[PDB]
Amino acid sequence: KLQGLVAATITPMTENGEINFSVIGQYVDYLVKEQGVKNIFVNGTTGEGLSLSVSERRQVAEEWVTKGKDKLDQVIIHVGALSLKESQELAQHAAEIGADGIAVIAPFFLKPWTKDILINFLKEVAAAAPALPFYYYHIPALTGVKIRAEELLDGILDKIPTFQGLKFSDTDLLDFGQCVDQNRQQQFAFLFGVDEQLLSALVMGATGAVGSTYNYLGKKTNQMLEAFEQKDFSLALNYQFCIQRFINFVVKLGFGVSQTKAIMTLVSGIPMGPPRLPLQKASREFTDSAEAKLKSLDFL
């Protein structure tokens, strides 16, 4: 079962903007040894997934899977794309290379009008990897798709037999809570996606978390998870607050994927390089401010 922390991996790049495949081995080793992170989620927003071409996405997924062998428990490939054909190609490829699962965002240019139409899209991608675990990536802020996750999940196995869970990037814990509450007999992964309030989702039954911060705050987040598991909710909150102090600070400065790349470079010592347009590399001012904040909170 896909459980605990799942790092949404950054796509390291060379200064010329090509993917830097050569540091992915180091990155896997670092997640496992320094962050206590055993699972990754490849080519999501943090990995600039949809800024990469289909061939780039295949090539980098190959690197994560092969470098993750006998080191990471699970490598999940985000295979979402605006083109169903391209998503199908990526899903089939993920099965071919022996990824542990695939995830799919709802297409978000021409949006699905209904639940049923979205499910039909998802089913056709899942069917391209018909024995691979399939996870829905719920992220309404990005997609504009208003369909509630608990409703999407209702009877989903009848349509998508490889359905195995949800990455829920949304703060509606009625919806998340009812995903958990209404699907007790399915052994689904209920993975929460809003790092800055993970504790609030743990109390409602999250079985793990997928997020960008686990790349460089995995140790402290694991301490929070362990405190929660020990029923020390006061202690777990104190640990959550440490994390919140950092995230709240950088969000006020201007905090997106570019800034995450810069922070990972700073904390890990592994060069993530610049982001790809339409992202812009983080400023020196941001990186200095973030470094100082990390140090003051004992994250660095």
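Numbering starts at 1 and follows the sequence shown.
- In this crystal structure, the stretch out of 151-159 and 190-198 whose C-alpha atoms carry the higher mean B factor is 151-159.
- The mean C-alpha temperature factor is higher for 290-298 when 290-298 and 3-11 are set side by side.
- When the C-alpha B-factors of 63, 48, 70, 56 are ranked from the entry, the top spot goes to 70.
- Among 180, 117, 102, 90, the highest C-alpha B-factor recorded in the PDB entry belongs to 117.
- Residue 217: CA B factor in the middle third of modelled residues in this chain (values from the PDB entry).
- Residue 171: CA B factor in the lowest third of modelled residues in this chain (values from the PDB entry).
- When the modelled residues of the chain are ordered by C-alpha B-factor, residue 40 sits in the lowest third.
- Among all modelled residues in this chain, the alpha-carbon of residue 33 has a temperature factor (C-alpha) in the highest third.
- Ranked within its chain, residue 244 lands in the lowest third, by CA B factor from the PDB record.
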